[PDB]
């Protein structure tokens, strides 16, 4: 025969399978929204059938992450990166979303830098723009997306920011293997402007200068 809960349960089983069609046609929002409903719902009813549907949810839950991750990792325009990052968040994976999202910004940076040493200062300057321009923008987008996310997630942001700055200097270190005072004002400025999105990394510039004094003249 048929009971009341077994009724509800069978629909949850329908719901689960729908998530495959939704992920199919690229509706990541719908995917997450249904998934969380089938789980907030699945929480109240808590058996054979339950544990059985519960397992199908983990399955799809996983599947959604894989997609979002892969998706985030390859967005061109912000709009893609934007939502993907959010849905990855709504799913309840804010750190993994931030973590992946920043890697995307990182790669954007690698790839652009490859796409160019013609002449010493034309290199160093173009290099700074690229870097600090994506560091600033990534902080401004991190603001309109990871808002109210917490102190930790927000410290992580800053860490990647620290390393990116570091990278740039590691890129000059190679270059100092065969600097100029017309490169300093450029970089400095490029670094002071970071303060506009709350970042003070003037110190890294200064330190790097202290140890390469002999090679700046």
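Positions refer to the first chain, counted from 1.
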Select one of none, 1 to 3, 4 to 9, or 10 or more to describe the deposited residues without coordinates separating residue 178 and residue 179. 1 to 3
Report, from the record, the number of residues in the deposited sequence between residue 46 and residue 47 that have no coordinates, as none, 1 to 3, 4 to 9, or 10 or more. 4 to 9
State which stretch shows the higher mean Cα B factor in the entry: 143 to 151 or 91 to 99. 143 to 151
Just to confirm, going by the entry's C-alpha B-factors, which of 71, 107, 134, 121 comes out highest? 121
Of the three thirds of Cα B-factor ranks in this chain, residue 54 occupies the middle
Residue 163's Cα B-factor: lowest, middle or highest third of the chain? lowest
For residue 111, the third of its chain by CA B-factor is the middle
For residue 21, the third of its chain by CA B-factor is the lowest
Among the chain's modelled residues, which third holds the C-alpha B-factor of residue 190? middle
